[PDB]
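Respectively, the protein sequence lines represent chains Z and Y. For what it's worth, the numbering used here labels the leading residue of the first sequence as 1, then goes sequentially. For what it's worth, the numbering used here labels the leading residue of the second sequence as 1, then goes sequentially. Presented below is the structure to which this report refers.
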Amino acid sequence: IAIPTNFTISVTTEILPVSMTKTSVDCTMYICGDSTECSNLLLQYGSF
Amino acid sequence: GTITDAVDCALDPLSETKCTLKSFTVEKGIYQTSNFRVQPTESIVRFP
């Protein structure tokens, strides 16, 4: 049998992500460049 | 089958949130609404 006669205290770093950057996209302003006729056609696609 | 009340979606932010949630009663919380945009004051035409 093998039994240790000494010991070495060690510290190990562990990296874990908790969150990420939030994202808020204005779909009407993204797809349509503040155009009225573009928004009138975009509204026809439902509630996407 | 009769219209008992109506909500003007451009009178105040409360009615805008009501129209966004499609409910006359809005509970406590924060809700994202339509983004504000500065409309152009006049038109500028530049040609050769």
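The beta-carbon is built from N, C-alpha and C at its ideal position, and this holds for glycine as well.
Of the listed residues the options, nearest to residue i (C-alpha basis)
| i | options | result |
| --- | --- | --- |
| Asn35/Y | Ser47/Z, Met29/Z and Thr21/Z | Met29/Z |
| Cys27/Z | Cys38/Z, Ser19/Z and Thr13/Z | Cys38/Z |
| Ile30/Y | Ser43/Y, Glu42/Y, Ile44/Y and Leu14/Y | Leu14/Y |
| residue 125/Z | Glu16/Y, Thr33/Y and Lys22/Y | Here chain Z has residues from 1 to 48 only, and residue 125/Z is not among them. |
Residue i versus residue j - alpha carbon distance
| i | j | result |
| --- | --- | --- |
| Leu41/Z | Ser47/Z | 13 Å |
| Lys18/Y | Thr4/Y | 16 Å |
| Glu42/Y | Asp8/Y | 29 Å |
| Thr21/Z | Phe7/Z | 43 Å |
| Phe24/Y | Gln44/Z | 25 Å |
| said: With three or more C-beta pairs closer than 8 Å as the rule, is the segment 23-39 of chain Z touching the segment 26-41 of chain Y? | reply: Contact between the segment 26-41 of chain Y and the segment 23-39 of chain Z is present: 3 or more CB-CB pairs across the two stretches fall below 8 Å.
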